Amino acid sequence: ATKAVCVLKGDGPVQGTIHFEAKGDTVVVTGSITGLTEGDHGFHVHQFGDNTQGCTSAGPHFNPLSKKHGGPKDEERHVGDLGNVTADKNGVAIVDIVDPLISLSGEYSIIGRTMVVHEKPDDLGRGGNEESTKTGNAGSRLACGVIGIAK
């Protein structure tokens, strides 16, 4: 697959759609998310496309290299670490990410996994506590969806 899609849904008003496209050795991640409080929100690929108990059953960050949490620009990061998306005053975030580590095929493929938008900003591993090194202190899972093959 060179194209993928994710519909983000949660138990509150947060929703959106994310598009994924293979370009060179990168994945180009675009889309939009509504209903968010203004400011940054952690945005991560979680390990499992399991929504049986909601976003919680997606498990931790997709992490096949067994590293600690960081920002997308960091060497020490989880594959699923895409940093922050930014909502404006209207609650809307436009997603425009280009990432070399995630993939839509092969070993680091995110097809069949879960995209999650978080309650709080991702501190990118620089928070000075244990949690920062795990989730970036991004807190609760506002909305999520399984990543699917798109036409």
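So that there is no doubt, residue numbering starts at 1 and follows the sequence shown.
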property: Residue stretch of maximal mean CA temperature factor, 103 to 111 vs 56 to 64; result: 103 to 111
property: Average Cα temperature factor in the PDB entry - higher stretch of 87 to 95, 43 to 51; result: 87 to 95
property: Chain-wide C-alpha B factor ranking for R77, given as lowest, middle or highest third; result: middle
property: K120 by Cα B-factor - lowest, middle or highest third of the modelled chain; result: highest
property: Third of chain Cα B-factors occupied by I147; result: lowest
